[PDB]
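To start, the structure under review is shown below, and the notes come after it.
Residue numbers (UniProt numbering), protein chains in the order written: chain Z, 3 to 325, 336 to 356; chain R, 3 to 325, 335 to 356.
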């Protein structure tokens with residue numbers, strides 16, 4: 003049916019997006035102006051040779067949202083075109099809100115996660131409120147207009163996450179995945195409460211994972227294998243969803259927890275402020291090693307590590323900014349191939 | 003913390019099984035004889051130098067069971083030894099009863115399965131009762147003393163299985179598995195009602211099977227892949243059990259539905275009465291082809307088909323006669348996957 007009320011629309015674009023739409027359809031502007039009367043908003047009257055006058059109202063509601071009113075005037079079928087265009091200027095995920103509770107966190111365990119998330123560019127976090135019972139932080143996307151509210155009840159150790167599954171949610175849970183248990187990781191990856199990844203036979207999934215990495219399996223770091231097995235359980239137990247692009251977190255994060263492990267193992271430690279950019283270059287669409295440090299290594303390891311970091315950064319970026337199931341599983345198989353190749 | 007009442011003990015062995023215990027312990031027999039009165043059974047009084055007289059009574063109940071009474075006489079610490087020996091001569095599975103209902107069956111869909119089941123040695127099936135609503139058959143293991151009650155309500159098409167998960171149950175469900183959908187197969191493999199195989203991502207299990215079967219995946223018998231993926235979902239969704247040796251049925255049946263397909267596909271059709279024995283000999287627990295038919299094929303096929311039939315029959319035989336719990340099953344399944352892959356050129 004699709005509803006047009008209470009939309010999180012970019013306010014400053016509302017007018018321009020319309021003129022660039024009507025000229026896009028070779029219509030004619032009658033009048034574009036602020037709504038008459040004590041209501042705030044925008045009345046757009048426009049039409050085209052052959053039909054009637056389309057009138058569209060746009061109320062700016064009190065909470066920052068934007069309600070479209072296309073059922074008015076003399077031509078509604080023509081206002082619904084503008085309504086559908088503007089409605090489709092919004093990322094679909096914005097129609098979902100998340101409000102979930104993870105268990106077992108303190109200030110000294112959460113503060114580094116917000117710190118690491120804010121080490122990203124389009125991410126800032128500030129302390130919002132605090133009392134004896136609760137400390138609440140706000141994460142803001144400078145690029146978009148998305149905010150994410152993290153409320154830590156210290157008196158019980160409960161971390162409450164509220165907001166929208168946009169860039170902020172994805173960056174924060176990516177930095178969070180290294181700490182979560184099985185049920186917490188499930189809860190953040192599928193955004194549903196009663197997942198069933200716990201009832202997965204860890205032995206059969208372990209046989210799977212051992213099957214994928216042939217000779218590299220007995221040399222696997224346990225901090226990588228536990229997370230990959232958990233993530234595989236998550237992949238297996240997920241119910242129907244529209245977008246599974248988020249279920250790659252187990253592998254991606256693991257790659258980090260392994261790349262950091264081999265990078266520093268060959269004279270390239272990832273310092274906390276330095277990060278990864280201080281070690282790699284981007285030629286085209288395939289990041290390579292800085293030649294100063296690539297010269298000391300065999301070309302095999304060079305190509306392996308280059309493909310690894312390129313994959314990591316490309317997929318992380320395309321998951322942070324929102325570029336169904338077979339595609340995800342193939343990407344996961346590629347990630348597993350990379351992880352196996354890292355081990356000689 | 004076990005109880006000794008209502009045991010399905012092999013009656014004619016009850017006494018013999020006992021003496022080879024008492025002589026085994028260099029104990030001494032006081033008296034072994036039938037109990038007084040209208041009860042049938044056996045009273046065993048024995049002891050050894052150093053202790054008191056142990057008395058063990060054994061009543062033969064009316065339903066075929068056997069109640070042991072070791073809390074009698076002057077010595078219980080010694081009577082419980084004999085009682086525990088007799089109690090441990092029984093396969094543990096006899097202590098479970100199954101009573102389940104499968105959906106979607108008619109008379110003509112069950113009869114060929116009972117015929118295929120009765121093609122076995124220690125398995126018989128007979129029509130027990132019949133009315134307008136329900137026809138009930140009894141499967142009997144002549145070897146053991148296990149019976150299985152199969153009750154088909156035609157008015158709704160519901161097949162009820164009652165009894166014990168012993169040899170009869172295992173043979174019947176193996177000949178039945180090729181027909182079942184996913185949830186019926188789960189119901190027979192875990193013997194529980196609220197299994198969770200339906201909520202398994204069939205796509206991830208499909209990726210798993212595609213990983214294991216390299217080139218044989220685009221060459222797969224489709225009726226084999228449906229059953230294999232179903233069984234993989236069941237394997238992944240199964241709750242904790244004592245014996246997982248039974249969750250291997252998906253691969254085994256597949257091999258049959260493939261061997262029969264390639265056997266006949268290479269000039270060796272498996273007739274219904276003839277079976278598979280018409281093509282192989284058994285030297286040393288590793289079935290080989292009769293040279294008569296191995297000579298007509300390239301040396302490649304000989305070892306593959308021989309190892310395939312050898313593995314199938316070994317595992318089926320050890321499952322019909324009850325020889335980590337889950338790692339064991341997964342390793343057996345990995346070998347089965349290697350075999351199924353090698354069967355496809």
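Just so it is clear, CB atoms sit at the ideal spot from N, CA and C, and this is done for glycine as well.
For residue j and residue i, the rounded distance between their alpha carbons
i                      : j                      : result
residue 50 of chain Z  : residue 28 of chain Z  : 8 Å
residue 352 of chain Z : residue 203 of chain Z : 23 Å
residue 159 of chain Z : residue 41 of chain Z  : 45 Å
residue 100 of chain R : residue 66 of chain R  : 19 Å
residue 348 of chain Z : residue 347 of chain R : 24 Å
residue 258 of chain R : residue 226 of chain Z : 40 Å
residue 298 of chain Z : residue 268 of chain Z : 9 Å
residue 301 of chain R : residue 356 of chain R : 13 Å
residue 123 of chain Z : residue 81 of chain Z  : 39 Å
residue 191 of chain Z : residue 4 of chain Z   : 27 Å
residue 93 of chain Z  : residue 246 of chain R : 48 Å
residue 126 of chain R : residue 12 of chain R  : 19 Å
residue 171 of chain R : residue 275 of chain R : 22 Å
residue 25 of chain Z  : residue 8 of chain Z   : 26 Å
residue 31 of chain R  : residue 38 of chain R  : 19 Å
Nonlocal neighbours in the same chain, by C-beta distance under 8 Å from residue i, ignoring five residues either side
i                      : result
residue 35 of chain R  : 44 and 45
residue 292 of chain Z : 281, 282 and 283
residue 6 of chain R   : 69, 70, 71, 72, 85 and 89
residue 109 of chain R : 137, 154 and 156
residue 16 of chain R  : 44, 60, 68 and 88
residue 194 of chain Z : 241
residue 314 of chain Z : 254, 257, 258 and 261
residue 111 of chain R : 181
residue 95 of chain Z  : 166, 167, 168, 245 and 324
N-terminal and C-terminal residue of the beta strand (DSSP E) that residue i is part of
i                      : result
residue 131 of chain Z : 125 to 132
residue 62 of chain Z  : Neither: residue 62 of chain Z is in no beta strand (DSSP E) and is coded neither H nor E.
residue 280 of chain R : Run containing residue 280 of chain R: none; DSSP gives neither H nor E here.
residue 107 of chain R : Unbroken run through residue 107 of chain R: none, as it is neither H nor E.
residue 316 of chain Z : Looking at the DSSP string, residue 316 of chain Z is not in any beta strand (DSSP E); the run it does join, the alpha helix (DSSP H), is 301 to 322.
residue 266 of chain R : Element bounds for residue 266 of chain R: n/a, residue is neither H nor E.
residue 140 of chain R : 136 to 142
Beta-carbon proximity list for residue i, same chain, < 6 Å, skipping 5 on both sides
i                      : result
residue 161 of chain R : 104, 107 and 154
residue 237 of chain R : 249
residue 57 of chain R  : 47, 74 and 75
residue 233 of chain Z : 252
Residue interval of the alpha helix (DSSP H) (run including residue i)
i                      : result
residue 158 of chain R : Segment: none, residue 158 of chain R is in no alpha helix (DSSP H) and carries neither H nor E.
residue 331 of chain Z : Coordinates for residue 331 of chain Z are simply not present: the residues of chain Z run from 325 and resume at 336.
residue 341 of chain R : 336 to 354
residue 274 of chain R : Counting along the chain, residue 274 of chain R falls outside any alpha helix (DSSP H), and DSSP gives it neither H nor E.
residue 81 of chain R  : 78 to 90
residue 95 of chain R  : That residue, residue 95 of chain R, is in no alpha helix (DSSP H); it is neither H nor E in DSSP.
residue 227 of chain Z : 224 to 239
C-beta contact flag for residue i and residue j at 9 Å
i                      : j                      : result
residue 144 of chain R : residue 157 of chain R : no
residue 338 of chain Z : residue 205 of chain R : yes
residue 255 of chain R : residue 201 of chain R : no
residue 210 of chain Z : residue 219 of chain R : no
residue 147 of chain R : residue 10 of chain R  : yes
residue 324 of chain R : residue 168 of chain R : yes
Coarse secondary structure for residue i, derived from DSSP in three states
i                      : result
residue 114 of chain R : helix
residue 44 of chain R  : strand
residue 22 of chain Z  : helix
residue 169 of chain Z : helix
residue 70 of chain Z  : strand
residue 298 of chain Z : coil
residue 33 of chain Z  : strand
residue 192 of chain Z : helix
residue 12 of chain R  : coil
residue 149 of chain R : strand
residue 177 of chain Z : helix
residue 49 of chain Z  : strand
residue 3 of chain R   : coil
residue 39 of chain R  : coil
residue 197 of chain Z : coil
residue 254 of chain R : helix
residue 55 of chain R  : coil
residue 366 of chain R : Any property of residue 366 of chain R remains undetermined from this structure, which presents chain R solely from 3 to 356.
Sequence-distant residues of the same chain with beta carbon closer than 7 Å to residue i, five excluded per side
i                      : result
residue 304 of chain R : 291 and 296
residue 184 of chain R : 199, 200, 232 and 235
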